[PDB]
Each structure stands twice: as structure tokens, then as C-alpha cells.
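> These protein sequences, in sequence, are chains A, B, C, D, E, F, G and H.
Going by the authors' numbering, the first residue of the first sequence is number 1, and it counts up by one from there.
Going by the authors' numbering, the first residue of the second sequence is number 51, and it counts up by one from there.
Going by the authors' numbering, the first residue of the third sequence is number 249, and it counts up by one from there.
Going by the authors' numbering, the first residue of the fourth sequence is number 199, and it counts up by one from there.
Going by the authors' numbering, the first residue of the fifth sequence is number 2, and it counts up by one from there.
Going by the authors' numbering, the first residue of the sixth sequence is number 1, and it counts up by one from there.
Going by the authors' numbering, the first residue of the seventh sequence is number 1, and it counts up by one from there.
Going by the authors' numbering, the first residue of the eighth sequence is number 1, and it counts up by one from there.
Yeah, the Cβ is synthetic: ideal placement off N, Cα and C, and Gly gets one too.
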Amino acid sequence: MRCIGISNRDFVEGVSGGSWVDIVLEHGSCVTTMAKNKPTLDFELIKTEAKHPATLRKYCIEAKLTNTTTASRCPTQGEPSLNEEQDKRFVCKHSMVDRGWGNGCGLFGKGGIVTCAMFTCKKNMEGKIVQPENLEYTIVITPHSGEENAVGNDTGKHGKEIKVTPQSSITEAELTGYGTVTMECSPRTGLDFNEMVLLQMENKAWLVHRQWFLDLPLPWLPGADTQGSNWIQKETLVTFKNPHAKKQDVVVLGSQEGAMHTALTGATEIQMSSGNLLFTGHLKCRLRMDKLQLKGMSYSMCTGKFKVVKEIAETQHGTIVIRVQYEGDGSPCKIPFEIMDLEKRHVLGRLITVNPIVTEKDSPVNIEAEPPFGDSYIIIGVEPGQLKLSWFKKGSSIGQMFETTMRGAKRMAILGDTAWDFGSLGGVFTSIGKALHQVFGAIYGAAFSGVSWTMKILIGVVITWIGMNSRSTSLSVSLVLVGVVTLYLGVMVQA
Amino acid sequence: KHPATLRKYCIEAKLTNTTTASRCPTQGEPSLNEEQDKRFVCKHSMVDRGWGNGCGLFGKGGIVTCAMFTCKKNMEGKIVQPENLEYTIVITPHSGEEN
Amino acid sequence: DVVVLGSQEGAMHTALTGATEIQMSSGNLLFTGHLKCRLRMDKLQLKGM
Amino acid sequence: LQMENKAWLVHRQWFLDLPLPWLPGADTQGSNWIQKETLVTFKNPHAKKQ
Amino acid sequence: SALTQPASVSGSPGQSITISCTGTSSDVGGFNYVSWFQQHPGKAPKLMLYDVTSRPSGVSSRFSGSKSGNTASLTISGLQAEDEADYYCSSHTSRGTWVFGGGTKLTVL
Amino acid sequence: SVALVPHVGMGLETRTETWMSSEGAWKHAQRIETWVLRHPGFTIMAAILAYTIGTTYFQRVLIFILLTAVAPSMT
Amino acid sequence: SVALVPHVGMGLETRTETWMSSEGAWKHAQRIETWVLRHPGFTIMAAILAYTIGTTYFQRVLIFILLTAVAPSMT
Amino acid sequence: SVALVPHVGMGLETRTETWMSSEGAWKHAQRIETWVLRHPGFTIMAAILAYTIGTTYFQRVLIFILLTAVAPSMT
Ligand SMILES: *[C@@H]1O[C@H](CO)[C@@H](O)[C@H](O)[C@H]1NC(C)=O
Ligand SMILES: *[C@@H]1O[C@H](CO)[C@@H](O)[C@H](O)[C@H]1NC(C)=O
Ligand SMILES: *[C@@H]1O[C@H](CO)[C@@H](O)[C@H](O)[C@H]1NC(C)=O
């Protein structure tokens, strides 16, 4: 029931020979795994933690100047010198001013002038980095037991969370009553934390590209620097003003916090106050359902009366969830649940909370099932007092096919070349598709890095037009496909 | 002389008294008393709702977030009528004086 | 959630590129621009003539 | 839709397209009307007063 | 904004007695955040029902909850002497706060 | 400034909403529209120059769009 | 951001030096150079697109220049 | 006005009479007829324009009818 009520649900159906399935886990998403003899499980990536961050650069977003000094030299005497030019905590500039008898000079020319001021940082943004071995993905595996944890906390069940680290990427959950599940994850491929910086700025943290971070035009410290006083690009945070040729001056350029916020658009925000927590990204895992068994398959039908205690509702995914209570004898019984037609001649829908059972009489169990599009009837119980529930599913099968194609394409857009692993059961077609996607995505990312979505749409339109106005059919079709894919990615790029 | 203020821009603000209101799917928009006040910046959006968070339906429930906007620094922009435009000129003859 | 989106002093300083600075601290003084004048030499007489 | 002791069964989208000032379904104050300008007119006949 | 409940309620032992919690469209008419708390004298409140009808693990099955429009109801079927207590209704409102009923005193006699 | 390099085409993007993604999506186009409205004179010259340079109508439109998009931003 | 709408072409310039004339004279060209260095792939594809669209070297070179100048800008 | 967007053509009709079906069935026809009577000048211009945009009596009659129906409606 944890995975219900989340609009980004994914249904992964089927395990291969070996009883394993490849599932990508995303933070905002959730995965419901359906296997034939296995119970239905819900997998959610609820946390990614980076530990032991190391700073590589401390940028200055707000500074001040305190000790301004000037040296002036008469024309043809060369540029002047201040003793504080050697000082790395001072920012200096060389200019020229008009000189002559009026200035106490005696030569009437452009006399070089140098002005220096002490650069002091008042606000900085850290750029901590983390080693890929220090990530820790937390995952919650919850099965469709149809039951609840129960408020009585003296016993706490149904809450198995597994931590996955690059060192320990294989772990098993012990779901009570359902055996155990094995997750064979690959954290080292989910995110390249050697090309990412945990940018923290005034109680707000972002995850950013490392080259982008190193390219920022603000003054920076090495990161091990413990006293400031050696800022590198101090000239980017100051301005030297020589109106006409009378005097030279230097002033600071105000807090760069808002300009940084503008620069950070397109960077995913993370948390860095109580640990470095990243609620973004994906995990590729292999699900080992071999030692996963349905609970209570030795039980018998209830042969009793059920009452609906939570009225049937339709989730955002085309399934229906209902909560029924059993009022009969033989408490540990399988619940007779069918999605038939009006005459009950055909089975039209397949339930999702597979093998719904009653463990205690006074313990409601909520069933999730997938009805067909249109009229359908939910039948619960057996002939005496059997409760028959009607339902109408408003969609269309063609509409569902379109929605699933759209969802698959969107997954490809986000997890490019990793979308081939979301539900893959091995196979040769999946491998060929993934290899082709890797080869094509290498070129696409090379040719489209650092381009805004508007530029992507423009380039897609241009390429589509070029392909349309192409004599060669072999070139025209390829160009049109490239243009349409570019247009799609540009229309669904910013996230 | 005597410039007149034409507009004050805010360059540094702060948000306080943040509040939110939610409504179940298909039941319309949530209401916040602070929406009436213009010192509060507000936005309407949709969140996932369902049995888990107390709704009988499983759609996109509307939500409204309101926070009080307070300005901390200004960028006042003033204007001057050309009449109050004292220019100053210095005329020095080539008298040849020593200084 | 709602966040206040930083301080725009530096962003404005960058935006004011191409604008000449003036002194409004006390008096709204300007040290830029021109002034076209017509000079009358009628009453000018050489000193020391 | 019920209006002054008479009720109608209307289309939902049509009802939400109505050009009148409205309040949300759950609004306790009753005073934050949304598109008030549909029920007031502003007069500036000669550009003298409004 | 307090949820309205009858001041008092009495039912003969072994009978069934119902309690009402009338609220607004935001507290108990809009959301399923309806909870019933039983408080014996000199003791902290005890969660009797939640999500309208769901009852805690230790809570007897004699306690049943219903909700209709802006009103949520609590029913007791056994009416044992131990059931005589003060019952409070609470709801999580649309503005993110918690409102409590005025509480009904149930007496068996 | 830093605001002129706004961490857009860096990959690293996911399902989770990025920072300032609601506004930055269209604020550039809004800025270009405001510039074109506030400076009609240049747009006419850009159209004339694109017509002169562009042999076909595809080249002319492409050149005009590029010119009018780069005129304010190049500032 | 305000930083994307500077006060450059307002036509009020005098002989007096402006706010960041020295700094901001070449900042945009530096940004274009850095972006082109960090993202060569878009440069090659922009050159290919300009060569294809442009029938004459003038059109091709102009299109390539405009594409390269506008790509970092929206970025 | 709300009166300018009636609850007509919404697909919710049943056997039971709607709110003002009998009265409002021919209101539009009555209004167009009254407008045509009061404003014979525009009708002649509409006929002339329909004939000018002709090549077929079906086209001319349809265009004239549409213009006459839209003249009061546009108000
Ligand atoms: C800078 O000026 C301060 C006065 O505010 C003075 O105390 C300090 O010694 C100076 N430091 C230098 C000149 O390095
Ligand atoms: C300028 O004039 C002042 C007063 O007339 C005199 O003291 C000074 O020596 C002159 N020369 C300068 C300031 O170079
Ligand atoms: C906002 O909260 C402060 C407490 O931090 C309080 O003093 C003030 O009255 C509140 N304002 C409003 C409008 O609720």
C-alpha cells in the first residue's frame, strides 16, 4: 500500500529464468513488482547519502575592501609600485592619469598610477566533493500484504529498509512471512560523483557539475585554505573606476548570492544541513525473487461474509483499491476475489494484491486490483451473502498503450541507455537496444551538451527541415528521426 | 536638485509566516486567509493525494502555499525636472600667474 | 515550499554595466554629460594692454 | 448549481468557465473574491476623474 | 472551529450507543483524518479509532467508526462498564492544524 | 557574472524538479520578446538584412531568428 | 535575473567612463570562447548545419557565428 | 456576461425538459430577424459581398447567411 497514491508508480511484471529482474529505482518514483508465483512488492529509493565530503573550492559571493592605497609616477618614469602588490590579500590595478605642473610633476603626460585594496570575504559557498565509495542508498521494500503495520508499536512489522553501499551492493531483505528478497544493486553507475560537487551556499545546497563549478567567475580558495587571504580571482568581485584620468578607485561588486541563485537554474537542490542527503537520481538493481514465496498459500477459501469498510476507490494508475473486512469462521483464509463480468462468465481483471488472505477476523484487508476498461464487477466472497461490486473504468486500451509509450519514452529521456534496464529480463534484443542507445547517446550528449531547451527545439526544427528537403531517402529518414527526437528531448528536457 | 522618487525596487527580501492549505482531488482549490493580503506571496499547485494522506480519492489534490514577503534593501530610483539642474562652470583666463 | 531567492545587489551591479556612476550620497551630483554654451567675447579686454 | 431556491444540473467545465467573481469551495472568510472585475465597471468618461 | 459533540451520552450495558462529531468541510467533512480518543479520568487520551474507522491494534473490535458528509460517528456495541469514559473527536484540518471535539461523557447506567 | 552561466545543459538531470525550473524555462524568451518590443528599430533592420542575405525563405527566417535572438543577449 | 538585461545600448553614453566598461567590454566574448572550448561537439554540429544551410560562404559563416553566439546565451 | 454563454450543446440532455427550452428554442432566430428588419442596410451589403465572393450559389448563400447571423452576434 506504500506504493499506491504515488503518480510516478511503475509496474514491473515478470522475472526471467533465475527469478531475477532488472529495475531502476528513482527517488520520486516507486516500483511495484509483479511475478507469477511471487507476491507483489513495492520498491522505493527513499534516500541517498554522501558521507565525508571534502571541499575542493570555497568561492566568495560577498567581499569588502578596507585598506586602499595609491602610488603615482610621472610620465616616462615607468609604472609605479606599491609594496602591497606582492600581497595576495590585496587586489591591485595599474592605470594612467594626466600629469603636469598642476600635479607637481613637471612633464605633462600620462603618469602611470597603481591602486590597491585589501580583499576580505564576508560570505562564501563551499564546493564539497564526495568519493563515489561513500554513497549510501536507502531502499524500502514493502509487500502487498493487504494489511497495515498496526498502531500498537510493541510489535513493528512491514517496514524493511535496506541500505546499499558501493562496497556492499548485494543485500537481502527478510520480509516476514514472504521469505527473503535479494537486491543486487550497482551504485557505482547511478551517478558519477567524480564529476559532481555538493555546492552549499547559506543553508541551501545544490548538486552541480564539477567543470561548471570550477568555471565559476567568482574568487575562490583552494579548499584546504584555512585563513582566506589568498583569493584567486579577486578581480571578478571588484571594479576599478578611472573616470576621465583624474583618479583611480576600486569598489566591491555587492553580494553575488542572487546572481548565484540565477546561475544555479537547472541544478537539482539537495540537503546538506544534517548530512548530505540527495533526494534525486536513480539506482539500478537486480531483484532476486527466487527465495520469495507467497504467504498463506496453504490456506482455504473463507466461505464467509465480507463487508466493505473502505469504499472502492480508483488510483491514478487505472487500478482499484478496496478495503474489506471478514465476518465469518476460519480466520486464516484466502479471500475469494474475482473481477468478472455482469453474468460472471469471464474473468476480466487481474488483482494486484496477489493472494489476499485474512489473518485475523477483526482485521480489515485492503485489496488492489486492475479492472478492465469499461464495465466490470468486483466479486468478494462466496454464494451466501457474496458482495458484488460494480465499477466502470473510463479509459481506453489505445489510450493506455499511448500512455505507456509516452512513459517509456520519458524514462529513456531521463535514464538514457539505463531505461533498457528498468524491467529487462536479460535477452538479446534488450542488449542490442541498450548498446545502440549507448552509442547514439554518446554522440547526442557530445553534440548537445550545454544547450538550453530553446536551442534544442531550434536545432531539432532545423534538422527536421533539412531531412525533409533531402533528395536521398536514406538520409531524409535518418535526419527526420534525429530532428523529431531532438524536438521531443527539447520539449521534455528541463526538469 | 529636489529629485522625486519614481519607484523603489526590492533587491533583498525575506519570507516568513509560511502556511499551506490542501484539498482533496476534484474538490476545487484550497483557501488561505493570507491570500487576501498582498504582503503574502502565494502559489497554487497540485500534490498527490490518496488514502495515505487522508483523502478518499486518488487524484491530484490542489495545494496553496503562502509566505509573507518583507523587503530588506531598496534600489530607489529618483527623477529630476530639468529646471532644478544647476550647472557649474569655472572660467580661468590665461593670466600667466605662477600657480 | 517557498524560498526567498537571495540578494540581488551583485546582479544589479552587473546589470548596471554601461551606465555611468553618479554621486547621490549628498546632493545628487553628476560628473558626466556636456553643456553647450554660447560665449560672448564683446566685453573681454586683454589684461595688461 | 443552486441559486436562490432553484437548482440546476450543469456541466462542470461550463460551471467553472462562468465569468463571475468566485470563492473556492472551502472558503471560510467569504471575502476574497477572485475575479471581482466581472461585477464592477470603472468609469473615466472625459479623462477627468475615475 | 472545535468539532461539535454531544455534551453527554448514556447507554444501558450490553447495548449499542453512537456519538456524533459534526465539523466543517475542512476538518471532518473534507478529509479522512478523523480520530476518536478515549480518556479515562486522570489518564492521557487513548487512540480508539483513526482514519474514521480503523482501530488501533489493542483497541477492541466493539468500536466502530463512520463518517457521513461533515459528520463522523463512533459506535460502541458491548457497552461494558470499562467503556464508560470521555470520548474526544479530532481531525487534521485543511490548514494543517488539529481540532478536537468538545468530548462526550459516556455513562452505562 | 555567475548568472550568465546558468548550469543548464550539464546533464545530471532527473525526474526531481530542478532549481528555478518553472521560471527559467521561459524567462529567456520573455526577455527576448520584451527587448524586441522595446527596440522595434533593430528588428526591422534584422529582417531587412536577413532578407538580403538569405537566398531561400528558410535561410532568411533562420538568419532573422538568430540575429534577433543574439542582439539583446550579446549585450 | 536583472543581470541578463544590462544598461549597455541605452544611448546615454558620454565621454565619462561607464560602470564596468573595462571589465564588461570583453566579458561576453570571453564567455563565448569558454563555452565553445568546453562544448566542442555543438561547435562541430553548428558548423555542419551552417555549411548545409548556407549556400554561399557568407551565409554559412554568418549562420555558424550566430548559432555559436546564441547557444551559450540561452544556456 | 454569463447570459452570453448558455448551457447549450453540453450533451447532458435527457427526456425531461430543460430550463428554458421551449422559450429559448427560437430566441436566436427572432433576434436575427429583428436585427435584419431594423438594419436592412447591412443585409444588402452582406448580400453584395456574398455575391462578390461567389463562384457558386451555395457558396454565396452560405456566406451571406453566415454574415447575417454573425452581424448581431458579434455585438
Ligand atoms: C588596515 O587599516 C586598519 C585601519 O582600519 C589598520 O588597523 C591596519 O593595520 C591596516 N592594515 C594594513 C595597512 O596592512
Ligand atoms: C595652486 O594654487 C594654490 C593656491 O593658489 C597654491 O597654493 C598651489 O601651490 C598652486 N599649485 C598647485 C596646487 O599645484
Ligand atoms: C507572523 O509571525 C510573527 C512571529 O514570527 C508574528 O509576530 C506576526 O504577527 C505574524 N504575522 C501574521 C500576519 O500572522
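1) Should D/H244 be labelled buried (16 or more other beta-carbon atoms within 10 Å of its own) or exposed?
2) Indicate whether at least one CB of chain G lies closer than 9 Å to the CB of C/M260.
3) Any heavy atom of ligand 2 closer than 8 Å to the CB of A/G102?
4) Contact criterion: CB-CB distance below 9 Å. Does B/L82 meet it with respect to chain E?
5) Check whether the Cβ of residue 38 of chain B lies closer than 8 Å to any heavy atom of ligand 3, and answer yes or no.
6) Can you give me the C-alpha to C-alpha distance between F/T55 and F/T43, rounded to a whole angstrom?
7) Tell me whether A/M118 counts as near ligand 1, meaning its Cβ is closer than 8 Å to at least one heavy atom of that ligand.
8) F/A25 CB to nearest chain A CB: under 9 Å?
9) Ignoring anything shorter than 3 residues or poking outside the region 131 to 204 of chain A, list the beta strand (DSSP E) runs there in chain order.
10) Closer than 9 Å, CB to CB, is A/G266 near chain F or not?
11) Which chain B residues sit within Cβ distance under 8 Å of C/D290?
12) Using beta carbons (cut-off 9 Å, strictly below), is H/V5 in contact with chain D?
13) Could you check if A/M289 is buried or exposed, using at least 16 other CB atoms within 10 Å of its CB as the buried criterion?
14) Looking only at its chain, what residues have a beta carbon closer than 7 Å to the beta carbon of A/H94, apart from the 5 residues adjacent to it on each side?
15) Can you tell me whether A/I6 is helix, strand or coil according to DSSP?
16) Apply the 10 Å Cβ neighbour rule to H/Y57 and answer buried if 16 or more other Cβ atoms are within range, or exposed otherwise.
17) Let me see if you follow: with CB-CB separation under 9 Å, is A/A495 close to chain F or not?
18) If you follow the alpha helix (DSSP H) that G/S73 is part of, which residue opens it and which one closes it?
19) What residues of chain H sit near D/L207, judged by a beta carbon separation below 8 Å?
20) Counting only C-beta atoms, is B/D98 closer than 9 Å to chain A at any point?
21) Going by Cα to Cα distance, which pick from A/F43, A/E26, A/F119, A/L56 is closest to A/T68?
22) Between the alpha carbons of D/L207 and D/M201, how many angstroms are there, rounded?
23) List the DSSP bridge partners of G/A29.
24) Would a C-beta distance cut-off of 9 Å place A/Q400 and A/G318 closer than the cut-off?
25) Mind checking who B/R57 pairs with in its DSSP beta bridge?
26) Name the DSSP bridge partner or partners of B/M118?
27) Taking the alpha-carbon positions, what's the A/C302 to A/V358 distance?
28) Just list the residues that DSSP pairs E/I20 with in beta bridges.
29) What residues of chain C sit near A/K241, judged by a beta carbon separation below 8 Å?
30) With which residues is A/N276 paired in a DSSP beta bridge?
31) Just list the residues that DSSP pairs D/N242 with in beta bridges.
32) Quick one: is C/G275 near chain G, going by C-beta distance under 9 Å?
33) With DSSP collapsed to three states, give me the class of A/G433.
34) Using the beta-carbon of each residue, which ones in chain G are nearer than 8 Å to A/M455?
35) Checking 9 Å against the spacing of the C-beta atoms, do A/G266 and F/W19 come in under that value?
36) Counting only Cβ-Cβ distances shorter than 8 Å, please list the residues of the region 204 to 228 of chain A near chain G, keeping chain order.
The answer reads as follows:
1) Along the fourth sequence, one-based indexing puts residue 244 of chain D at 46. It is exposed - the Cβ of D/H244 has fewer than 16 other Cβ atoms within 10 Å.
2) Indexing the third sequence from 1 puts residue 260 of chain C at position 12. Yes, C/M260 lies at the interface with chain G (some Cβ there is under 9 Å from its Cβ).
3) On the first sequence, position 102 is the one that residue 102 of chain A refers to. Yes - ligand 2 has a heavy atom lying nearer than 8 Å to the Cβ of A/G102.
4) Position 32 of the second sequence holds residue 82 of chain B. Chain E places a beta carbon closer than 9 Å to that of B/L82, counting this residue as a contact.
5) In the structure as shown, chain B starts at 51 and stops at 149, and residue 38 of chain B therefore has no counterpart that could be examined.
6) Mapped onto the sixth sequence, residue 55 of chain F falls at position 55. Mapped onto the sixth sequence, residue 43 of chain F falls at position 43. If you draw a straight line from the Cα of F/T55 to the Cα of F/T43, it comes to about 19 Å.
7) The residue given as residue 118 of chain A occupies position 118 in the first sequence. Yes, the Cβ of A/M118 comes within 8 Å of a heavy atom of ligand 1.
8) Here residue 25 of chain F corresponds to residue number 25 of the sixth sequence, with the count starting at 1. So yes, F/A25 belongs to the interface.
9) List check, beta strand (DSSP E) in window: 135 to 143, 161 to 164, 170 to 173, 181 to 185, 196 to 200.
10) Working through the first sequence from its first residue, we reach residue 266 of chain A at position 266. Interface annotation, A/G266: in contact with chain F, CB-CB separation under 9 Å.
11) Numbered from 1 along the third sequence, position 42 holds the residue referred to as residue 290 of chain C. Within 8 Å Cβ-Cβ: nothing; C/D290 doesn't reach chain B, min ~15 Å.
12) If you number the eighth sequence from 1, residue 5 of chain H lands on position 5. At least one C-beta of chain D is nearer than 9 Å to the C-beta of H/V5.
13) Counted from its first residue, the first sequence places residue 289 of chain A at position 289. A/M289 should be labelled buried.
14) Counted from its first residue, the first sequence places residue 94 of chain A at position 94. In its chain, beyond the 5 residues on either side, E79, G112, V114 have a beta carbon closer than 7 Å to the beta carbon of A/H94.
15) If you number the first sequence from 1, residue 6 of chain A lands on position 6. Note: A/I6 maps to coil in three-state DSSP.
16) Within the eighth sequence, the letter at position 57 stands for residue 57 of chain H. With fewer than 16 Cβ atoms within 10 Å of its Cβ, H/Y57 is classed as exposed.
17) Translated into the one-based positions of the first sequence, residue 495 of chain A becomes position 495. Chain F, which has a Cβ nearer than 9 Å to the Cβ of A/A495, makes this yes.
18) As a working note, residue 73 of chain G is residue 73 in the seventh sequence. Under the DSSP assignment, G/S73 falls in the alpha helix (DSSP H) whose first and last residues are 57 to 74.
19) Taking the fourth sequence and counting its residues from 1, one reaches residue 207 of chain D at position 9. Those are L12, listed as they occur along chain H.
20) In the second sequence, counting from the first residue as 1, residue 98 of chain B sits at position 48. Taking Cβ atoms only, chain A reaches closer than 9 Å to B/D98, which makes this a yes.
21) Position 68 of the first sequence, counted from the first residue, corresponds to residue 68 of chain A. Taking A/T68 as reference, the option from A/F43, A/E26, A/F119, A/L56 with the minimal CA-CA separation is A/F119.
22) In the fourth sequence, counting from the first residue as 1, residue 207 of chain D sits at position 9. In the fourth sequence, counting from the first residue as 1, residue 201 of chain D sits at position 3. Taking the straight line from one Cα to the other gives about 11 Å.
23) The residue you call residue 29 of chain G lines up with position 29 of the seventh sequence. BP columns for G/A29 are empty, so no partner.
24) Here residue 400 of chain A is taken as the residue at index 400 of the first sequence, counted from 1. Here residue 318 of chain A is taken as the residue at index 318 of the first sequence, counted from 1. The answer is yes: Cβ separation under 9 Å.
25) Here residue 57 of chain B corresponds to residue number 7 of the second sequence, with the count starting at 1. DSSP lists B/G127 as the beta-bridge partner residues of B/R57.
26) To locate residue 118 of chain B, count along the second sequence from 1; it is residue 68. B/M118 is bridged to B/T66, B/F90.
27) By one-based count along the first sequence, residue 302 of chain A stands at place 302. By one-based count along the first sequence, residue 358 of chain A stands at place 358. Straight-line spacing of the CA atoms in A/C302 and A/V358 works out to 8 Å.
28) Translated into positions along the fifth sequence, residue 20 of chain E becomes position 19. Answer is E/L75.
29) Residue 241 of chain A sits at position 241 when you count from the first residue of the first sequence. Here the neighbours are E269.
30) Counting from one through the first sequence, the residue named residue 276 of chain A turns up at place 276. Answer is A/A50.
31) Indexing the fourth sequence from 1 puts residue 242 of chain D at position 44. In the DSSP output, where bridge partners are listed per residue, D/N242 has none listed.
32) Indexing the third sequence from 1 puts residue 275 of chain C at position 27. Not one chain G Cβ lies under 9 Å of C/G275.
33) One-based indexing of the first sequence puts residue 433 of chain A at position 433. Judged by DSSP in its simplified three-state form, A/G433 adopts helix.
34) Translated into positions along the first sequence, residue 455 of chain A becomes position 455. Ordered by position in chain G, the residues that pass the 8 Å Cβ test against A/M455 are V70, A71, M74, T75.
35) For the purposes of this step, residue 266 of chain A is identified with residue 266 of the first sequence, where counting begins at 1. For the purposes of this step, residue 19 of chain F is identified with residue 19 of the sixth sequence, where counting begins at 1. Yes.
36) The residues in question are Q211, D215.
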